[PDB]
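Visitor: experimental coordinates for this protein are included below, preceded by the sequence.
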Amino acid sequence: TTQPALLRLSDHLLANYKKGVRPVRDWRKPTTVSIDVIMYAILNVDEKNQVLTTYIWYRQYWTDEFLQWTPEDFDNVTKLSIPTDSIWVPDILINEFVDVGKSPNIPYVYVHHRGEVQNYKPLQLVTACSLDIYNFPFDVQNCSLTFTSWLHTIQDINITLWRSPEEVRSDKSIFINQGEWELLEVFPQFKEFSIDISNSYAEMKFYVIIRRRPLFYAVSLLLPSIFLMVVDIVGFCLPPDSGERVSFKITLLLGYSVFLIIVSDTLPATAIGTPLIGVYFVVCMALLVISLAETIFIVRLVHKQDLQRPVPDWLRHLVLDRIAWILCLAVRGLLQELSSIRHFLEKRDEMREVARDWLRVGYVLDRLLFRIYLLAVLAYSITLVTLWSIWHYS
Amino acid sequence: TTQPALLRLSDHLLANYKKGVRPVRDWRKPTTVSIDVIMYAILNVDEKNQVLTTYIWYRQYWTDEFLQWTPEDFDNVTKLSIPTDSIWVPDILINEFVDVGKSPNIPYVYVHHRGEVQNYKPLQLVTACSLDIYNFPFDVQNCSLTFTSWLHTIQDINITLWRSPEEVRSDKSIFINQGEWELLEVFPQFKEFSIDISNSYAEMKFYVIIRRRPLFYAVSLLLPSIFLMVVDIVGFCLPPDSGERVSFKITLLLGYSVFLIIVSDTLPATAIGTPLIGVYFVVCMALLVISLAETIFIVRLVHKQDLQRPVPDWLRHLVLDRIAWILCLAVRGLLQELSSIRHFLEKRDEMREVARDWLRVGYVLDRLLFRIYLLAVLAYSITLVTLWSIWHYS
Amino acid sequence: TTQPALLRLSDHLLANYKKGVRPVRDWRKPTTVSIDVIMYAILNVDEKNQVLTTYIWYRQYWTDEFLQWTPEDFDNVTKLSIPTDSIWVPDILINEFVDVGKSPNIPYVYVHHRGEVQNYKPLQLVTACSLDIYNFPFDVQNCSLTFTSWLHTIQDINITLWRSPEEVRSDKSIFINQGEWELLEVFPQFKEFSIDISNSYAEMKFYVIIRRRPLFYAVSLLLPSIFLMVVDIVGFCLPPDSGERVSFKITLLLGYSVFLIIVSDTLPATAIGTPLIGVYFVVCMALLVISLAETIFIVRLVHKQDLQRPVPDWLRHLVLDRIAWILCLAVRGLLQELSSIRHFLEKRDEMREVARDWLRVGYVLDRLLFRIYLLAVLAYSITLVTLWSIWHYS
Amino acid sequence: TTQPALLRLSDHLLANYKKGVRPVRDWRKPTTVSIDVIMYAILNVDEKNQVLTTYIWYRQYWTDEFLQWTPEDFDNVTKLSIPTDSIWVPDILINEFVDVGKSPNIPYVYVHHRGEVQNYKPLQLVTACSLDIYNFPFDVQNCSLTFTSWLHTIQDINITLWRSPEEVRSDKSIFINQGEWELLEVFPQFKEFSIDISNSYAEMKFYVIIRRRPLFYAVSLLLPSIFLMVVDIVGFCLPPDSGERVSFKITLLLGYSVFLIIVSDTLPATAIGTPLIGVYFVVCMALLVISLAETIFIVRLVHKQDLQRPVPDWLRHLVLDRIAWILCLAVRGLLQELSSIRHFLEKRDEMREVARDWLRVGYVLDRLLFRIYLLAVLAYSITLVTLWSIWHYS
Amino acid sequence: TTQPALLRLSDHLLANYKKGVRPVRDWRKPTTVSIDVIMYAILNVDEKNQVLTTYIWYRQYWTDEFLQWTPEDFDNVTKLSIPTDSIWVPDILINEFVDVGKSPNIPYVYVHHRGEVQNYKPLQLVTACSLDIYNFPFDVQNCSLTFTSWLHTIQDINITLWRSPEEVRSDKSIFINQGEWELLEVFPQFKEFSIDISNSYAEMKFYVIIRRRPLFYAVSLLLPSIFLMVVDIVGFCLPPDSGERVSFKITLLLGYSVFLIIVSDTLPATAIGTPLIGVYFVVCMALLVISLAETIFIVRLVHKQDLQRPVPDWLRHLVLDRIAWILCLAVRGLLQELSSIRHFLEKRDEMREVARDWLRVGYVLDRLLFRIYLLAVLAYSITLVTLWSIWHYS
Ligand SMILES: *[C@@H]1O[C@H](CO)[C@@H](O[C@@H]2O[C@H](CO)[C@@H](O)[C@H](O)[C@H]2NC(C)=O)[C@H](O)[C@H]1NC(C)=O
Ligand SMILES: *[C@@H]1O[C@H](CO)[C@@H](O[C@@H]2O[C@H](CO)[C@@H](O)[C@H](O)[C@H]2NC(C)=O)[C@H](O)[C@H]1NC(C)=O
Ligand SMILES: O=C1c2cccc3c2C(CCC3)CN1[C@H]1CN2CCC1CC2
């Protein structure tokens, strides 16, 4: 021989190698591939369509008895690059595909001098995992990735791991943070399933566990919710007989009904169960309609509508009690004329003294309903805080 | 001979095999493929464009007389992997395509030692089926998938089933739940049609039947609909002569007219027939304009506009009836001066006693219209419930 | 010879067949292709960009003198499948392309024993046709599809029809209904054009004619338009001196100005001419500003602003006419005191009797303007109906 | 020889033709391609991203000395079709690419008997040109297309034009009108640039000039702008002491503040300079806040707040001037009682005569501010018209 | 030999060249590629998904010992074009890929007569860099591009630079301005990293630094923010006892609550930290609720609700102080009748003189709260300006 290059090694291997035949001497021994993954980013989690988008890195290796030389007498060449096309490559796919992601192709593989080839490639994957929105800002997710052969049986292609499974779980090395989702754990599991007798299919399940960072939503839905409670505490200080107190409490009720609709499109509500913040917005209405349905009771109670004098059953029940429970011939002709004038004024006087008494009752009930409304907001806001400190601690 | 591998089998088959010729000995015998499907997910059901998106799995098998060896003397090899490119593959397409979905390709097939090849592949499909939105939250759909050869006639390619058709119907095995659509049944049917004499085309129709889960829409359109009825029950308790009762009933009517428009874009209305909830929102207006068009009648009836005394035809018709039907020289010079003063006061007195009487009539009609409005809402809400319990039961 | 298969026919044809050369014996005889189409669906009609999207089916056939055997002595084989790659295939494209639609490829053709090949393929096409929105819900469209060779001249490739043109026009066989567009007619036409001397290019024009179903828009723009006229008929029943009648007529005018903007994005207005419903919304404003600009005239007319007595020119012109046109020392010291008291009351009396008279005039004009406003709506709504019955009939 | 076909010409050329070598005898003579374009449609002009989308047609031709036969003795064949793959094809790209448009491929070229090949192909292109939004409805644009070789130098590939440049400018032949953009001119220009010594690169610049049709925006932003000026001319006719005049002028000011925001997303504002209609909407506010800030001055001026009598400095300045500038023991015991009654009435009389005088001043200023507001709108609307007639003329 | 062309050079090289083998004589010497980039445009910076889109140009060169001739005796040919397919091409990818951009392919390379090939290609890239929105209109970004081999180790492929790194930093030559992002610097850096022992991977990091032009957002969020402060300065000039002052201050508060929501979707808020303009909108509310919560205090203070006389503790504290701190038998029978009349009038007089005194106090507090509100806006607006002049200067 002569010394052209290392390329006469590359002629020695790929002269009679056939691309399609599965590379083994005896047809009973299965080819054993060995995979490994690393999470890189989490592009999109679509709650409505149950579709999760993920870019990962990937590598795998398998042995074969056709690409096998002796390293001596080929000028000590140990490894080698060979293009991906001219090598038998196994088909390993994800069961949970719903679409084909766009990923770069890598046109080279390694080949060691025992037959061990290696294959690095990245791949974007769009899968379909089941999500739960039972507790919306504070939620973990548990989506699956299932690597399997698509055609070959378990006496044909078998799947193990590159590294130990304890080392895969704590591999948070290149993951992109600052991106709405925090990666916790990548847990592998082997499992064999059979859809029929004498047809077994090996598979390998990776479980990813991600947790949403709740900080983005404590300003987008907590801030306008408590803000339309601090207005109604200001709103009760209007005296009820003015006329704008009814017009005040309907404007912001309109103003909050716009808020429930313009947010609900950006907050998803998928299958069984509603998110638990949706209950905590209905209670925001019941402290707002009851605030509306008591000023209707006072305006009806304090008005000038030629009404009767208030009842002494409910005068000493209210006025003299609640200041200590919580709060604190020509002569007779003109005499006929003058007395008729006084009769036209004294019934004008009588109609105003009656209207003072209901108006006196109407302020005592307004201060009394103002306190228990102030205690209903105060006892509700402390229950909201103590369910936030339990989660935040540990 | 020698013993290189099993690959000398792979050289024995694919040495003179021609890819394009249809593989049969006698040209009169038709090649019979045999298909099978399993639903996996339902990605999108677009009501407006009548387009349905679905990811399924798929397998098929056919015989041929060129790939046929004896298993003895090839070291007992029974099955084999061969790349998909070097084999005649029949063209089986869906008639209802409108676009090409993106699906992974599988580069291998099996070949048994009688000639039976097999072919597993997944495929995303976007079809065009006719949808009905006649009853929007409670609806089944009946979309079709039609597998057929695209070119060959029925004496060239014929289609049967892998499994029995009773086993295909009850195959809900890998379907993704928790996803807006519940799969009920996949029903197969064979049918032969001819577009011309001496040109018959076999086909195979799969019917899918899906049912929408109505739970997502009982919070997005039922809750604000009944909520703007519980405000108007509070709204009638304002006394009509105050002035804000007209301003109250127009604000929420504005507030509901925003609601009909911001929802109608997310609820589709396609061909013939409107959805039956659209009728049940027009009746929500007729209990809201009539609630508006009666407070206009009371405010016109109770006002100070130098009006005449109310008519005794309609005084004893109303006031004395409806409390039992439902509800319950210097002397004469000053005498000229004083009597003229009393005349200026007694007509001031007379104009207020007239205005008390209409004001008395105006409250009796307000309580009477409040009851039959309270019975119109009550008799309408029970009809809404009993049409929900009939569907929910069985 | 021996009897391997029919495949020795497939070796007899494709042994020396050259793919690129146009297949004819004498170079002067033109190759004549023959096309045919069937509409399948109409995916999208974008009015703004003048782009129309359509999925059709398609077939064509041509003769050639190289693929020509005798059916005797090849075991009577009449037709044959040959892959699409190894055959000269003519380039027939649409002139109106603006993009490339995604369509499945069909890898087989037929070949008869005279040389006639056939070629079935479906193809999605996005074209650019000119649309008119002159009458928006009731409109036909006339878009063109032009099949032509892209390179070859008319002495090289010539185009005729498969079927008679009378049979193509009435082929509504597989078209998907229930989809916003109704197909009427597919009309073919042959035409030869030359862009230069000695360079003629054959082409074939198909005209499609589609008609929009107007039912979807009689609920999305007719219903809120007439609904904000039935409120203003209720709106005039408020007495004008109350104070909310000005506040009533501005709220719904705000409420309709929101409606004109939130709809106009979903209703297109392209080149020359506005759609004729846009005129019928401006007239909806002129019956709404004039309804606003007359209650401003009454409130200015009926008010307490120390005004003068109304003019007897316009008292007998109005009050006594329009009830028949349409509607129906100590003594003198106290005498100095008492007469000064009466002078302070009689000018209080005089200022109210003046304010009764304008207030009397103000109600007669309000009933008179209420009738001719009720006749202006009534005479306008019957003109709207009779332009709907002319189109609906025939 | 024999007479198989014209195909022995196609064997004579492509037997030893090598695809990759640049086809010239002497390596010093440059290959000269010659291009030409025709605009077809303008799909999208994205102002925000500075990206312009265009579909054009394209053709080019070049000579080579390898594809060259004598037309005699090959049965007089002058031209020929050859597939695009087996020919050296130059790389001509656009410098302004930002993405790859989707365009059909044409698999054939012509070859004449001197060596001149020809090549027709259409191509969608997305470029990046700089746009100016300095005057939004009335604007021309000047975007560039630069055809150049991407690798070869100017002694390797050189670019000229097919036709004369005067004939290219006035080629508006197949352009799709009725589509928001009117094509004016396509102007070619040759230019040679060098990025380094001894490395020159030929290029060819086409300038397109397009003009927006402004008709679509005279109904989407001119009509609601002048419409909320004809309401405020009606709005001043309310008398100021009524109470709704303040509530009237705030509702439509709210109503126009919604309008500025819901439009500004559909009207772009890119780099340096704001569009000149944005100035003409700020002036629409200054005629609307000043209309608001003068009714605040009148309501403060006309009110009952136990105020003092108006000053005679400003009484004869206003009231007596502006009607000609623009507008036009028992006895004494009862005497103690009666005089005290008159004292309680005469100060009630005095407080109303003071309130008549400010109320008299308040109407004269309201008519005076109504005229100069009516002249400020009138003098502004004529300036708006005369800037529209200058552009519309020529 | 003869003289066919230069093409016998192209036959001399590519006769025995093998495409897949890495082209070096001795397998120990690494192949050294050398890259260079130029920014062209910045298409999109998506803050929410942390994805940045960029179109760049790119070139690289490497040596090999197989493509090497002597320029003498081949008619002095120095360089040459060879198609890209038939040459070993190294795999250089970006680590930060999340998708595959669409870019044109260049089918030619140069080859010099020493072995140096060259390769020009453009490529669109979508990467994933970490963004900070800590200060929203005034922000620089620091995103990375990392060119590396994907498979080969550092004794196999090594990466250096074409030009000096000082020349790459100041290369702003073809960058498209007028496009929301200004390019500052492109800084290169070499770094070697090892993921394992005996496996080192060379890489090359380019840092891009871009700065947002803040001019687009000084009209979209600064202008309506200060505009709803100039209305409330007009808003306090209404006298508080009128009745519309409460209705005025709630309409624009509704009007600004719409503004905070319709803008917050177009302004992103990603990971840790809120943008600093979000603090400067909360302070816009605290100058707006406090403006609301003081007119509630005045309306409660000035009202007719049969209240008591104001306290002389707080009369001389306020009224007599703040004008210098800041602001400036028949006889007795009628005597029984007449004195009873005077008693009915003098308590009518007394109830109005009490209501004058609170009304006098209520105006002095309104002018006093008007000044310190005018100083709170003035002292806040100057702090906003001086934080704009520090950034604008240098
Ligand atoms: C659609 O538009 C074309 C416009 O070209 C119509 O074309 C005319 O068709 C008639 C026959 O119906 C020919 O005699 C004319 O010469 C055509 N016009 C031109 C300019 O060539 C076509 O009829 C239209 N479709 C319908 C249904 O009216
Ligand atoms: C579009 O912009 C180009 C800018 O380069 C204009 O270019 C100039 O064109 C004139 C001839 O019309 C040349 O003499 C100048 O040298 C060009 N300028 C430069 C900087 O090279 C072009 O005219 C513009 N189009 C129109 C219609 O005005
Ligand atoms: O893909 C991978 C990859 C995939 C799976 C497991 C592991 C890796 C590593 C590191 C070891 C663990 C590196 N990498 C890439 C990083 N660099 C770019 C391509 C690889 C080599 C260099």
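Guide: Good, I have the coordinates. Residues are numbered from 1 along each chain as shown, chains lettered A, B, ... in the order given. Ligands and ions are numbered 1, 2, ... in the order given.

Visitor: roughly how far apart are the closest residue to residue A:360 other than its chain neighbours and chain E?
Guide: Spatially, and ignoring its direct neighbours in sequence, residue A:360 is nearest to residue A:319 (6.8 Å; C-beta to C-beta, 6 or more residues apart in numbering or on different chains). For every residue, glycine as well, the C-beta is placed using N, CA and C. Residue A:319 sits 15 Å away from chain E, going by C-beta to the nearest C-beta, to the nearest Å.

Visitor: go on, residue A:302?
Guide: Separation of residue A:302 from chain E (C-beta to the nearest C-beta): 10 Å.

Visitor: quick one: contacts for that residue?
Guide: A:240, A:241, A:358, A:359, A:362 (C-beta atoms under 8 Å, 6 or more residues apart in numbering or on different chains).

Visitor: surely residue A:40 and residue A:175 touch.
Guide: Yes - using C-beta atoms under 8 Å, residue A:40 is in contact with residue A:175, at 6.7 Å.

Visitor: okay, these two: which has more neighbours?
Guide: residue A:40 (22 against 16; other C-beta atoms under 10 Å in any protein chain shown).

Visitor: that's a strand at that one, yeah?
Guide: Yes - per DSSP: H, G, I helix; E, B strand; the rest coil, residue A:40 lies within a strand segment.

Visitor: which residue packs closest to it, ignoring adjacent ones?
Guide: Using C-beta to C-beta, 6+ apart, the nearest residue to residue A:40 is residue A:55, at 5.0 Å.

Visitor: same thing with residue A:165?
Guide: Leaving aside its sequence neighbours, residue A:165 sits nearest to residue A:188 (C-beta to C-beta, 6+ apart; 4.9 Å).

Visitor: what about the one you found, helix or strand, and which?
Guide: Using DSSP states H and E, residue A:188 sits within strand A:181-196.

Visitor: quick check: what element follows that strand along the chain?
Guide: Next helix or strand after strand A:181-196 toward the C-terminus (DSSP H and E): strand A:199-212.

Visitor: how many other residues sit next to the residue in the stretch 201-350 of chain A that ligand 1 sits nearest to?
Guide: Nearest residue of the stretch 201-350 of chain A to ligand 1, counting by C-beta to the nearest ligand atom: residue A:265, 43.0 Å away. Neighbour count of residue A:265, defined by other C-beta under 10 Å: 10.

Visitor: picking up where we left off before, if the residue nearest to residue A:165 is in a bridge, with which residues?
Guide: Counting by DSSP bridges, residue A:188 forms beta bridges with residue A:206.

Visitor: tally of neighbours for it?
Guide: Neighbour tally, residue A:188, other C-beta under 10 Å: 20.

Visitor: quick check, residue A:66 in contact with residue A:23.
Guide: Yes - with contact defined as C-beta under 8 Å, residue A:66 reaches residue A:23; the gap is 5.0 Å.

Visitor: and the gap between residue A:360 and chain B?
Guide: 19 Å.

Visitor: can you say which helix or strand has that residue in it?
Guide: Secondary structure assignment for residue A:360, by DSSP H and E: helix A:330-392.

Visitor: other SSEs contacting that helix?
Guide: Under the contact definition 3 or more C-beta pairs under 8 Å, 6 or more residues apart in numbering or on different chains; DSSP states H and E, helix A:330-392 sits against helix A:223-235, helix A:279-301, helix B:330-392, helix E:330-392.

Visitor: cutoff 10 Å now
Guide: helix A:223-235, helix A:279-301, helix A:322-325, helix B:330-392, helix E:330-392 (3 or more C-beta pairs under 10 Å, 6 or more residues apart in numbering or on different chains; DSSP states H and E).

Visitor: what angle do helix B:279-301 and the fourth one make with each other?
Guide: Computed with axes from the mean of the first three to the mean of the last three C-alpha atoms, to 10 degrees, the direction of helix B:330-392 lies at 170 degrees from that of helix B:279-301.

Visitor: skipping adjacent residues, who's closest to the residue in chain A that ligand 2 sits nearest to in space?
Guide: Residue nearest to ligand 2 within chain A (C-beta to the nearest ligand atom): residue A:102, separated by 37.4 Å. Spatial nearest neighbour of residue A:102, chain neighbours left out: residue E:100 (4.2 Å); criterion: C-beta to C-beta, 6+ apart.

Visitor: ok, that neighbour - contacts?
Guide: With contacts defined as C-beta atoms under 10 Å, 6 or more residues apart in numbering or on different chains, the neighbours of residue E:100 are A:101, A:102, A:103, A:104, A:105, A:124, E:124, E:125, E:126.

Visitor: ok, 8 Å please
Guide: Residue E:100 touches A:102, A:103, A:104, counting by C-beta under 8 Å, 6+ apart.

Visitor: distance of the first one relative to residue B:43?
Guide: Okay, so that is residue A:102. As judged by C-beta to C-beta, to the nearest Å, residue A:102 and residue B:43 stand 18 Å apart.

Visitor: which of those two has more neighbours?
Guide: Neighbour count, other C-beta under 10 Å: between residue A:102 and residue B:43, residue B:43 has more, with 21 against 15.

Visitor: check the secondary structure at that one for me.
Guide: Quick answer, by three-state DSSP: residue B:43 is strand.

Visitor: my read: residue A:242 touches residue E:301, true?
Guide: No - with contact defined as C-beta under 8 Å, residue A:242 does not count as touching residue E:301 (12.0 Å).

Visitor: contact residues of the stretch 1-150 of chain A facing ligand 3?
Guide: Within the stretch 1-150 of chain A, the residues that sit near ligand 3 (C-beta under 6 Å from any ligand atom) are A:36, A:38, A:57, A:58, A:59, A:120.

Visitor: now do 5 Å
Guide: Residues of the stretch 1-150 of chain A lying close to ligand 3 by C-beta under 5 Å from any ligand atom are A:36, A:38, A:57, A:59, A:120.
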